[PDB]
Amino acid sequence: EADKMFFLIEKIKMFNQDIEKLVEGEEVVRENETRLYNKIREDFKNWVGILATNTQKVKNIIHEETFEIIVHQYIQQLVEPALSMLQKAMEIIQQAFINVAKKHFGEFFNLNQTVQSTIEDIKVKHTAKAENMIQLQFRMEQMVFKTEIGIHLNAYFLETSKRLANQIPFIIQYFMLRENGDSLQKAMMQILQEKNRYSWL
């Protein structure tokens, strides 16, 4: 009956709460530290800048002067920046979740340890999901492609950059923030399944 040890549940529930605050950008910070969303937007803004650069690049190219090759190239030149953006956001968020773990579970080494390993596992799953969605987007962007005409083309790329500017970051927030936070909270709850581990936690 010493298993009032289910009262670790309160710990988890508190931790989970903090996680959800991070997911909704309603976290609580010092005067000497930045928000999560702001680090993330810094990353996304770098992306938009890159996009703008490459779009200016092909605009200048065609202003100087099959068609598809140029599109293929344009996108291939975006694969590295996009995935690099994914990686930087993952790191920011994983660091965030870990600081929540350190704070709530610092005293219980075993629990803190297993929680952090859970955090990593779920991170790699959702990173896989995000990368697959992004690659799918570029694939779609290429395949689905098919007298002063040039303007239309510029306009095309323009719309395209502006689409990608939000579409890739959405995919990244969805999987690395929302779906990640959700899976994490669920896994945190599912930890309690096997009961012979409570004393050890």
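Sequential numbering from 1, following the sequence displayed.
**Student:** As recorded in the PDB entry, how many deposited residues are without coordinates between residue 152 and residue 153: none, 1 to 3, 4 to 9, or 10 or more?
**Tutor:** In the record, the chain runs straight from residue 152 to residue 153 with none unmodelled.
**Student:** Could you tell me how many residues of the deposited sequence sit unmodelled between residue 31 and residue 32 (none, 1 to 3, 4 to 9, 10 or more)?
**Tutor:** Count of unmodelled residues in between: none.
**Student:** Mean C-alpha B-factor higher for 153-161, or for 172-180?
**Tutor:** It is 153-161 that shows the higher mean C-alpha B-factor.
**Student:** Could you check which stretch, 52-60 or 131-139, carries the larger mean CA temperature factor in the entry?
**Tutor:** The entry gives the higher C-alpha B-factor average to 52-60.
**Student:** Hey, what third does residue 167 fall into on Cα B-factor, ranked over its chain?
**Tutor:** Lowest third of the chain for residue 167's C-alpha B-factor.
**Student:** Please place residue 70 in the lowest, middle or highest third of its chain according to the CA B-factor in the PDB entry.
**Tutor:** For residue 70, whose C-alpha B-factor we compare with every modelled residue in the chain, the answer is the middle third.
**Student:** For the chain shown, is the CA B-factor of residue 107 in the lowest, middle or highest third of its modelled residues?
**Tutor:** Residue 107: CA B-factor falls in the highest third of its chain.
**Student:** Ranking the modelled residues of this chain by C-alpha B-factor as given in the entry, is residue 37 in the lowest, middle or highest third?
**Tutor:** CA B-factor rank for residue 37: middle third.
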